[PDB]
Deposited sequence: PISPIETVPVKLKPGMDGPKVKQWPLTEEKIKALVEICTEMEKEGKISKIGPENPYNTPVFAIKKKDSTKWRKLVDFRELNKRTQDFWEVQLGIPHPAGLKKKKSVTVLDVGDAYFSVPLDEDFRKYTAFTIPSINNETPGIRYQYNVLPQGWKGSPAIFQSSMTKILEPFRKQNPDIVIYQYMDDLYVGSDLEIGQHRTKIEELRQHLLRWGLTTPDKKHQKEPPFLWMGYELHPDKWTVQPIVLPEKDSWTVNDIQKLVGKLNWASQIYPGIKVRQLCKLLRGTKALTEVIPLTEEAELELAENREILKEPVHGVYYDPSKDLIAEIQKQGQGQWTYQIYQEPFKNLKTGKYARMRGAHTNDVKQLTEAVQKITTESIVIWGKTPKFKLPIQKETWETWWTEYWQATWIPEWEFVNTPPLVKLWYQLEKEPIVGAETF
């Protein structure tokens, strides 16, 4: 039997537009749904139902069978309400898609209308097929919580027979400590080390240090700026007065470990920025308050993406989200350095996760990029 679920007081169901899907994805969904209906998981709905949720198809990690993916982000923000600090230290964590379990459980009959979704038709030639779940749907925040007492009750023997291995559940996934979080390192700021220094060199250095001082105010560039006194040729080599060598040293030392007083407050949003460096390289930072980074990282594109910036980004975004969950138990809000339409058009092509983080689009400043590589 079903457990009564509800939308937050006074709120109503989601009426989010369905984005255009390719023929391939429409046929795919149509085949998936036709059988889901046959198994009573989903059932067609009439016009009396005004709600809606976006849907699309993806292909899991190295699999060739399609996976229906429902963007319940809106429904999740309106669903009434109901972390292993050791997981991040583990040597090897594995991600198990245990999303199918949810189907065995029925969903409150009163809540179903809010799970409505539409499968579009090419060129609007037809009204589209409308369904609504009759069971706990994949990707909804209600499902993991409801199927909780049940999920534990089945993982009661394994964590008692093996109370060493850590089991963490986030949405449709299961993390058992394939990740290797004991190797995750934070990108520390790094000043250049060179035989000779030109005026230009020292300028860039002074620049980075100015910025760096926003996080580390102990940093002093007084001596270095004197070596800049005067209006000289950029290419003019400048020997370092010893007063500077020492000034450069302290800074280096100051930047050998993260800034102090940087704790994680689970009552605040987790934010993530990404910068495109080039050569298929991508930097990112996770924080909650400006300059107080919880983590800074680096991402190298995987093969079969050399020619595709969007794939790289989406792959990077998923890489970064996985780290968020594996560390804090939450997904961050992304600041994507990409034009919204470019992204909204192809992200679903390189996506493989079952959760969809929140995002927004920015205009990365030139300077900040010279400072993070």
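Enquirer: Where are the holes in the model when you compare it to the deposited sequence?
Expert: Counting from residue 1, the stretches without coordinates are 1 to 5, 88 to 95, 191 to 232, 429 to 440.
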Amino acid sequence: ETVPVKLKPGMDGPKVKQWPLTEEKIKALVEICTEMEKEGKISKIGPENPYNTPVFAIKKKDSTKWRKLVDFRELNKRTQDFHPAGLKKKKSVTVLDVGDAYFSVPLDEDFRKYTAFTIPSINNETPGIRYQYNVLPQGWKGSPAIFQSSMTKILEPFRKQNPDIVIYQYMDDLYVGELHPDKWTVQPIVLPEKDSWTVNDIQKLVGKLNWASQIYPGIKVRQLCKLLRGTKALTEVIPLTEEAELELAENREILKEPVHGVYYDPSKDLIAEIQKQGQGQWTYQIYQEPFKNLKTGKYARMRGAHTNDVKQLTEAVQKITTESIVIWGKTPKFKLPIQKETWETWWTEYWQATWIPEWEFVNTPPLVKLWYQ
From here on, numbers count along this sequence of modelled residues.
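So that the term is clear: the rigid core is the largest set of C-alpha atoms that superpose within 1.5 Å between two forms.
Enquirer: With the rigid core as the fit anchor, does 209 to 217 or 116 to 124 show bigger C-alpha shifts in 7 other deposited structures of this protein?
Expert: With the rigid core fitted, 209 to 217 is the stretch that strays more in 7 other deposited structures of this protein.
Enquirer: Report the stretch with the higher root mean square CA deviation, pooled over structures and residues in 7 other deposited structures of this protein, choosing between 17 to 25 and 361 to 369 after a rigid core fit.
Expert: The more displaced stretch in 7 other deposited structures of this protein turns out to be 361 to 369.
Enquirer: Does residue 305 go missing in at least one third of the other entries compared here?
Expert: In at least a third of the other entries, residue 305 has no coordinates.
Enquirer: Do at least a third of the other entries of this protein fail to model residue 61?
Expert: In at least a third of the comparable entries (those modelling both sides of it), residue 61 has no coordinates.
Enquirer: With respect to the recorded C-alpha B factors, which stretch has the higher mean value, 7 to 15 or 353 to 361?
Expert: Per the PDB entry, the higher value belongs to 7 to 15.
Enquirer: Could you check the entry and say whether 330 to 338 or 55 to 63 has the higher mean CA B-factor?
Expert: So the stretch with the higher mean C-alpha B-factor is 55 to 63.
Enquirer: If I read the C-alpha B-factors straight from the PDB entry, which of 116, 165, 205, 107 is highest?
Expert: If I rank 116, 165, 205, 107 by C-alpha B-factor, first place goes to 165.
Enquirer: Based on the PDB record, which member of 188, 127, 139, 280 exhibits the highest Cα temperature factor?
Expert: Answer, based on the entry's C-alpha B-factors: 188.
Enquirer: Which third, lowest, middle or highest, does the CA B-factor of residue 160 fall in along this chain?
Expert: Answer is highest: the recorded C-alpha B-factor places it there.
Enquirer: Grab the CA temperature factor for residue 228 from the record and place it in the lowest, middle or highest third of its chain.
Expert: Highest third of the chain for residue 228's C-alpha B-factor.
Enquirer: What third of its chain's C-alpha B-factors does residue 131 belong to: lowest, middle or highest?
Expert: Answer is middle: the recorded C-alpha B-factor places it there.
Enquirer: Residue 214: which third of its chain by C-alpha temperature factor?
Expert: Highest third - that is where residue 214 ends up once the chain's C-alpha B-factors are sorted.
Enquirer: For residue 94, return the chain-relative third of its C-alpha B-factor as stated in the PDB record: lowest, middle or highest.
Expert: Its C-alpha B-factor belongs to the highest third of this chain's values.
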